[PDB]
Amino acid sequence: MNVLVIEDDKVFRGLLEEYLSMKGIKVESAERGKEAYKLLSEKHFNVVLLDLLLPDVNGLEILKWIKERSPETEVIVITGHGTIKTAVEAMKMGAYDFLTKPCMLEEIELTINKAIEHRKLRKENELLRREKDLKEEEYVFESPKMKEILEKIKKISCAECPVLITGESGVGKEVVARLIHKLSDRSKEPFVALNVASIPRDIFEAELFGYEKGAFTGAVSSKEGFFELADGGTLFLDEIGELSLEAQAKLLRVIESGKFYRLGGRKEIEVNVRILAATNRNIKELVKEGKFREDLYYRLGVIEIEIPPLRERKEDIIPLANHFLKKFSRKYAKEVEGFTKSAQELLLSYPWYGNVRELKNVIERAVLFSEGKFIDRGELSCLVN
């Protein structure tokens, strides 16, 4: 980490230089504005200690210069006694915190550490989000059945009640839930996808609801749960039919009161989370067999979206295939432009029991083994029909 100190006071300045020097942080100093601007033009800094009062320039201008160029640089303004208004103005202008010249070295340490933590937290947030953005995909709804399902999704998006998405696996259930959140008034809020079937039943509740210290053996400290962390957002539970009966009851409560207890808790907690659920099974049968609460089935089933197989929407097949063609043609550095005229026929003729997920895997393999500029019916031969 690099720090830039812009102070005129040889005393206070040195104190700063020393402190930073002691913590193992690279430092550079500037006695005046013209020198600070020079350095600021040659080196990127993580933290800048700026004194609002400088001989040749008005500190505030430097702060403004810094904030326009690199908002990622934490900036701490330095001001004297009784100059709190400008410090507050400075902060309103983008300064993170401020130091009063003079002050305890402990104040210097705490203020600088607070700024360092913010930066740490800020970078982590950016990285995880940018990493997530890399995986963003664009969807295809060119079939009548889907074209209208899209419209219904637009109508239910801003509702606060739950949606139950059904259909054969690999049909696009999670995709639909993503759009529901994307088109809703919560879109900028978190979207959490949790597959109930793949997460260990014995860990699921602790993760969804969170737990207090000692609620179960192993629980050394207290941990928040997805419901809390996703507060204000949307929670998507895939394969809802695999929820334990114990878990089903707790879920019905949140859907009813938006309140719940952590495992081993006494304080009731409230959250505002839209719940979206999906299943590729027969829940009605699950209710009869007494494995799935009928009440929950009724509530989740208020708004229901049914996604039909790929077989029942051939208008989607080719478009989706082209989408995947391009996608993988990139990921794997290959020269596949499109599909042979006959190859397209095979695609349309196949039943795609795996549906879109199958369609995806097939094209990805076809593209990975592709030699020419096109994919023949023969290249789909070994892969499907």
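Numbering starts at 1 and follows the sequence shown.
Averaged over their C-alpha atoms, the temperature factors of 89-97 and 103-111 are higher for 103-111. Higher mean CA B-factor, judged across 24-32 and 61-69 from the recorded values: 24-32. Take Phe45, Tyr37, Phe324, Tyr332 and read off each C-alpha B-factor from the entry; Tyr332 has the highest.
In this PDB entry, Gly232 carries a Cα temperature factor that places it within the lowest third of its chain's modelled residues. In this PDB entry, the Cα temperature factor of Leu380 sits in the top third of its chain's modelled residues, the highest group. Sort the modelled residues of the chain by CA B factor and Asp9 lands in the highest third. Ranked within its chain, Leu286 lands in the highest third, by CA B factor from the PDB record. Per the deposited record, the Cα B-factor of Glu371 falls in the highest third when ranked against the other modelled residues of its chain.
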